[PDB]
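Survey of secondary and tertiary structure
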Amino acid sequence: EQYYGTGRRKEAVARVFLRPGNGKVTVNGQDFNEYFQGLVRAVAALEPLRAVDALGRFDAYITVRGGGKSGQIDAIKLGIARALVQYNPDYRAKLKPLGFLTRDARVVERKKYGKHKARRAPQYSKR
Amino acid sequence: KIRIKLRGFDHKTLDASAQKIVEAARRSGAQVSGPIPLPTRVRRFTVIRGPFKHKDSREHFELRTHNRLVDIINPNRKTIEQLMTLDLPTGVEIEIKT
Amino acid sequence: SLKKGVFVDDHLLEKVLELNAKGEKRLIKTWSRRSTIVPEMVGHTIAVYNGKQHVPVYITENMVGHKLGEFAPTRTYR
Amino acid sequence: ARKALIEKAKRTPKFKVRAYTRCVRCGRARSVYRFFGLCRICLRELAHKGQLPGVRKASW
Amino acid sequence: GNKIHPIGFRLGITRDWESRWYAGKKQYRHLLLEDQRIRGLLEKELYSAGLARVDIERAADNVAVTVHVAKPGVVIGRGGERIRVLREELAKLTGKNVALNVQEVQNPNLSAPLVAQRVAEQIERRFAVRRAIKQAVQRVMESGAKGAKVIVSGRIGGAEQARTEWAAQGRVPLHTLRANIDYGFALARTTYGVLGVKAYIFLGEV
Amino acid sequence: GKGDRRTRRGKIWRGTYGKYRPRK
Amino acid sequence: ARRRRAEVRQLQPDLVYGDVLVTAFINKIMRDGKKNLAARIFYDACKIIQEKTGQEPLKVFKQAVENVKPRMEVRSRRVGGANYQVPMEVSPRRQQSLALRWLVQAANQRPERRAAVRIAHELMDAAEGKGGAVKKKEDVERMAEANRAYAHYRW
RNA sequence: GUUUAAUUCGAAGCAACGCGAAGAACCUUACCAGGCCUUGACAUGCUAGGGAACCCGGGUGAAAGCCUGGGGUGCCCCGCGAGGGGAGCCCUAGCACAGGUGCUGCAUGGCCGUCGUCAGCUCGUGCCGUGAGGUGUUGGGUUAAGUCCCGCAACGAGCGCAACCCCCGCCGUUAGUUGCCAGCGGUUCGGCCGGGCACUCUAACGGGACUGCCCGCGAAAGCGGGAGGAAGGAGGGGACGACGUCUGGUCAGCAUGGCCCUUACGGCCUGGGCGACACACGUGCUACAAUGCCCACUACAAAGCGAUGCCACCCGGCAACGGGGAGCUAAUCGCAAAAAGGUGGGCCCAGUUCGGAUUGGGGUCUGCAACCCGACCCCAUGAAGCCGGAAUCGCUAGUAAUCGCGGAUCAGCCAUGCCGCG
Ligand SMILES: [Mg+2]
Ligand SMILES: [Mg+2]
Ligand SMILES: [Mg+2]
Ligand SMILES: [Mg+2]
Ligand SMILES: [Mg+2]
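What counts and how
- Residues numbered from 1 in each chain as written, not as in the entry; some residues may be left out.
- Chains lettered and ligands numbered in written order.
- Part of a larger assembly, values for the part shown.
- Heavy atoms only, no water.
- UniProt positions renumbered as here; feature names shortened; annotations may be inferred.
- Helix = DSSP H or I, 4+ residues; strand = E, 2+ residues; numbered from the N terminus.
- Rg over C-alpha atoms; globule rule 2.2 N^0.38 Å.
- Buried < 20%, exposed > 50% of the residue type's maximum accessible area, 1.4 Å probe, protein only.
- Contact = heavy atoms within 4.5 Å.
- Core = buried A, V, L, I, M, F, W, Y, C linked by side-chain atoms within 4.5 Å.
- Salt bridge = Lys/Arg side-chain N within 4 Å of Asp/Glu carboxyl O.
- Pairing = 2+ DSSP bridges.
- Right-handed = clockwise from strand over helix to strand, strands pointing away.
- Buried area = accessible area lost by both parts, 1.4 Å probe.
- Polar contact = N/O pair within 3.5 Å; in protein donor to acceptor, adjacent residues only side chain to side chain.
- Nonpolar A, V, L, I, M, F, W, Y, C, P; charged D, E, K, R; others polar.
- Disulfide = S-S within 2.5 Å.
- Near = heavy atom within 4 Å.

The PDB entry annotates chain D as 30S ribosomal protein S14 type Z of Thermus thermophilus. Per the PDB record, the entry is named "X-ray Crystal complex showing Spontaneous Ribosomal Translocation of mRNA and tRNAs into a Chimeric Hybrid State". As its UniProt record puts it under Function, chain D is described as follows: "Binds 16S rRNA, required for the assembly of 30S particles and may also be responsible for determining the conformation of the 16S rRNA at the A site." Regarding chain D, the relevant UniProt record gives this comment under Sequence similarities: "Belongs to the universal ribosomal protein uS14 family. Zinc-binding uS14 subfamily."

As recorded in the PDB entry, chain B goes by the name 30S ribosomal protein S10, listed as coming from Thermus thermophilus HB27. Within the UniProt record for chain B, the comment given under Function is "Involved in the binding of tRNA to the ribosomes." Taken from UniProt, the Sequence similarities comment for chain B reads in full: "Belongs to the universal ribosomal protein uS10 family."

1. Structural notes on the overall build of chain D
When helices and strands are tallied, chain D shows three helices and one strand. The secondary structure elements of chain D, listed N-terminal to C-terminal, are α-α-α-β. For 60 residues, the compact-globule formula gives about 10 Å, and the C-alpha radius of gyration of chain D, at 14 Å, lies well above that figure. The principal-axis extents of the C-alpha atoms in chain D amount to approximately 45 × 20 × 15 Å. Burial status across chain D gives 38% buried among its 60 residues. Long-range contacts, defined as pairs at least 24 residues apart, comprise 0% of the intrachain contacts of chain D with a sequence gap of at least 6.

2. Side note on the nonpolar core
Considering soluble globular proteins, one finds that nonpolar side chains tend to be buried as a cluster. Formed by 30 residues in total, the largest nonpolar core has its most connected members in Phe25, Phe42 and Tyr43 of chain G. Looking at this core, the elements with two or more residues in it are α1 (20–29), α2 (36–52), α4 (92–105), α5 (116–128) and α6 (132–144) of chain G. Here this core gets eight residues from one element, more than from any other, and that element is α2 of chain G. Setting aside its immediate chain neighbours within four residues, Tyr43 of chain G contacts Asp14, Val16, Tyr17, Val22 and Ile26 of chain G. Of all hydrophobic cores here, the second largest spans 26 residues; its members include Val47 of chain B, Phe35 of chain D together with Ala23 and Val63 of chain E.

3. Describing the pattern of salt bridges
All names here are of chain B. According to the stated counting rule, one finds 28 salt bridges over all chains in the structure shown. Two residues, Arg49 and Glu59, come together in a salt bridge whose shortest N-O distance is 3.6 Å. Remark: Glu59 occurs in strand β4 (residues 59–62) and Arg49 occurs in the loop between β3 (44–47) and β4; sequence separation between them is ten residues. According to the relative accessible area criterion, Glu59 is buried, its value standing at 2%.

4. Observations concerning the pairing of strand β3 (residues 100–103) of chain E
All names here are of chain E. As defined by bridge partners, strand β2 (residues 62–69) adjoins β3 across four bridges and the pair is classed as parallel. Note that in β3 the partner of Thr66 across the bridge is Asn101. The parallel pair β2 and β3 is bridged by helix α3 (residues 83–88), and the resulting crossover is right-handed.

5. Some points on the UniProt feature "binding site: Zn(2+)" in chain D
Residues and elements named next belong to chain D. In this structure's numbering, the residues bearing the UniProt feature "binding site: Zn(2+)" are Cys23, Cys26, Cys39 and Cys42. Over a stretch of 20 residues, the named residues converge on one spot in the fold, their C-alpha atoms separated by at most 7.1 Å. Among the secondary structure elements, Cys39 is positioned in the loop between α2 (8–11) and α3 (40–47). If we ignore the near neighbours within four places in the chain, the residues touching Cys39 are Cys23, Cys26, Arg28, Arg30, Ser31 and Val32. Relative to the assigned elements, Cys42 resides in helix α3. Leave out the neighbours within four places in its chain, and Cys42 touches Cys23, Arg25 and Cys26.

6. Some points on the interface of chain D and chain B
Accessible area lost when the parts come together is the quantity often used to give the size of an interface. Chain D puts 16 residues into the contact, and the matching count from chain B is 17 residues. Between chain D and chain B, roughly 1,600 Å² of surface is buried when both sides are summed, and carbon and sulfur atoms account for 61% of that area. Of all residues in chain D, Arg40, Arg44 and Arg56 of chain D bury the most surface against chain B, accounting for 35% of the area lost on that side. With a closest N to O distance of 2.0 Å, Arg44 of chain D and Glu59 of chain B form a salt bridge. Here chain D and chain B share six residue pairs in polar contact between them. When residues of the side of chain D that touches chain B are traced back to their parent elements, those giving at least two are α3 and β1 (56–57) of chain D. Of the residues belonging to the side of chain D that touches chain B, the class tally is eight nonpolar, three polar and five charged. As paired strands, β4 of chain B and β1 of chain D are joined by two bridges and run antiparallel to one another. If you follow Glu62 of chain B over to β1 of chain D, its bridge partner there is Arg56 of chain D.

7. Quick look at the state of the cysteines
Put plainly, a disulfide is one covalent bond tying together the sulfur atoms of two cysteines. All names here are of chain D. Counted under the stated rule, the structure contains five disulfides over all chains. The side chain of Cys23 participates in a disulfide bridge whose partner is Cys26; the two sulfur atoms lie 2.0 Å from each other. Put simply, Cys26 and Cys42 are joined by a disulfide, and their sulfur atoms are 2.0 Å apart. Placement of the pair is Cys26 in the loop between α2 and α3 and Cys42 in helix α3, with a sequence separation of 16 residues.

8. Considering the protein's contact with RNA strand H
Around RNA strand H sit 194 residues in total, of which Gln2, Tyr124 and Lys126 of chain A, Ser57 of chain B together with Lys2 of chain F are the nearest. Protein-adjacent atoms of RNA strand H, using a 4 Å cutoff, are sugar or phosphate at a proportion of 73%. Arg120 of chain A is positioned with one of its backbone polar atoms (N or O) 3.1 Å from a phosphate oxygen of RNA strand H. In the model, a sugar or linking oxygen of RNA strand H is placed 2.4 Å from a nitrogen or oxygen of the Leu195 of chain E main chain. A per-element tally of the surface near RNA strand H places strand β2 (residues 32–37) of chain B first, with five residues.

9. Looking at the pairing of strand β2 (residues 13–19) of chain A
All names here are of chain A. Of the two faces of β2, the one holding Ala14, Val16 and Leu18 is buried and the one holding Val13, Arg15, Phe17 and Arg19 is not buried anywhere. Summarising the sheet, β2 and strand β3 (residues 59–65) pair through seven bridges and their orientation is antiparallel. Counterpart to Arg19 in the pairing with β3 is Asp59.

In structure tokens, the structure reads:
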């Protein structure tokens, strides 16, 4: 009666749950409209709809789990498309060529000994 | 019913043991939900390689502790015999809680 | 910061309370410092070491919360 | 002061006032761990050896 | 000077530890405490037989100690007035389940320390280094081995200088994991002083 | 001396555990 | 940076308008790793010329851009046995990147207490040809095309 | 460097200078001053007196040390008995002795750094040369690379690059004390419950990426691609550091030759010192502000840690904190509140509601004890600081900057430095 999506970027977790509704899109309660009040990338989290000309259509339950805020958004920009394909699989050639169906993994670098912020070596003094 | 975890710094000695315990009941009594892998706990120790001035060039060690869990759903009076009978394990410690 | 309770070293009272069975003298040669300047003792002079010698001072009413180790300077530069 | 200081770290004299540590084999003062009782030296020259259970060399 | 401890690089894989037991939180040192003197007790008492390894089996209360020596005919005693009295006289510091083993050795000259043990023993006596290793790194390879390497350094000839030495034939891929190479730690107190006798013995793969 | 013996300055150099911190 | 000629990063276009050029500028004003805090300035400025006049804040943006992209410029280069400077044209991509960083750094100089004020002005004042970003633009050409005589290297 | 009595020693361009220190209030401590001890603070062995062992105390003495006291009196060769002996342990005397952070890293072992993650170091056969030796490793091209290709009197290999190891990107299974109304039944409408294991998450083994295919280019390796695929040409980090130079660094982590010290160059205590300051440099910390600064309200972590410890919570406290005490020997309990973020009001350019150095007074908070030589907080005092010369530093991607969260030694103690996390 619905389709599920997974979305992990920058070690974030945001369970994505698509249903065929009309206009309910919230997150753990709160309200995605106003959970994310004051953003800029906010519209960018729902992109695979206006790019498929189908925003005024389905509905979405959302669960997030930890992770970074932008990483919480950028992961949502996946589980949408990382759903639907189960019984709505023709949603591909107007996505992957345009370039959405990818994790874009960019995990941080760990701090390393003998350095500072992982790659900034200390000041160097020949004198 | 009775509760046991399994703690070992090496999963190979732990998983096998965890696979070993299942033999003394799951093939002695009712089915048992398989091992329950806890998130592995680490004791992360990084030490300066050098013995003197060279403070950098350090090297890192870990004393990982792999924790796993097994719960029996029907404590069978005959299977428990098969437990203590298994006095051939490995260098791993386990506890029994109620 | 001397909280609920103040202090002063033991043999000090040995070396300073016998100075009052008759309100006694002033001469002394001891070895403590971290003690508290005793409001009940603003009437003597106390031998306080520095590093090589004991350098004392006449005690004065105002000296209370401060420590006996301040009147004996150590790093001879000033 | 090699064989003269560790002995002090036994009798426990003055109050909780001089309670410090001491590596076993290396007998070294600081850089000692309360887990192994070994200086950062007297640990490696057994860690790399292997007399230190589960103490592999990290990697991540 | 580089190349960190090959075994120290092995360790957590291939060759497993020279001991074996889990330990709890605050009982680790408490067990390690007397665990080390167990080894330290024998590395000059059990020596005249060629010691190369000593496991430690524990889990709780009972301790099983297994030794790996090549010449057991003297550590065992004329009938037990050694191996069975070494156990009893071992609890005196650690009242534990006194257990022992003695694993045989079919080919001594294939364990890295035993060479370095033999070399230092041979180095102590006024012997020809360069031509006590050449014989050695050959009889290693002779005993079915397939690679070796035995480096020593110190006061060769007692001269004021201190050049190391070489004696090797074949492949010793130290940097590879599956190689399985044992490593020898020796020591030689001498007339002039202290030496440094090492040894690598490649063995196989997979 | 930030974080040592007898002043008042600052403790992002001395720590605080065991110092005066709650134990039991 | 000697052998292979590297790869130009390709950027995420804007959401509001439909052009990479927009994002190409908002990330440029971004400081201290503060991203949303920058698009306000831009879009708060956008929502001024909408009220200033019937000039769309984008369909004008690009004109001062083409009023800040120069043509030919100099470059310091060592020859002979001392130090001189060499002129040339301008790489088109560089011409673009040169413009943006020219634009933003003109903000903080403008005497404006708030924020987006520092933005739109240097944009607008350069929409006809009387802006700071124009001065520093032509000055290079003033420092460049005055060196027409260096006709041997050039390449 | 300067000085004090001591300001212990080492470290010396790149390889020293938030380095040995991941523990300079006393001890740590190695330095100074004074007091005292000399078979000891330690180990093995012998002789003699008293005694077993071992607990407790006092006077004095700064402490140590010195003197003294009460008890108590074991295990083995005899003898019930008055009484002989012995092993261990302790104190007092003679010893053998040990002991020293004393010296030489230019006498060493081990360990470490640099070149340097540079890409080189070589062998077997053959060939050229009387021979040492050369070739192979050189030439063109390519790459991170002696990586690889063409050619080449050379052809192959070993050490090294890589790869086999670890963490992340994807997925499958196993397994469900975290999680879940994604479907239902009670809900103080909390995942609290019944309940379930797809999903979340966790940790074991595995498939997967090999220029595999296709459109072209350069013969060749290789290149512009493109599709599929999560990722495509090494996907991105870790650990791994060859032959060898630096007669490199370390007798101060340790062992050790040789010289020396042994009534002290050994040992214990109180105090003082490495924090001393006309100066100068190294590495960092806040800034010198409107993308800014305060106040109130409103969400998201990743990792790490802890029972004789972590501290919810209740009250008290105008605050660091105090009394009581839930839970947790640990995916449960907690440390723990994360900041930038969003809303809303103020401040409208000022030396400022920017910054907190100094300093007066006042506090709680750990331990025998907090002046030189602790925080946090209150009333303030509120300095220079308006972007910095010659120069010079790191950084090619989730990197740079910015914002915050842990760990490691510990009775307290050098933890804004270090190592990890987001
Ligand atoms: Mg391995
Ligand atoms: Mg992916
Ligand atoms: Mg050297
Ligand atoms: Mg601040
Ligand atoms: Mg407050």
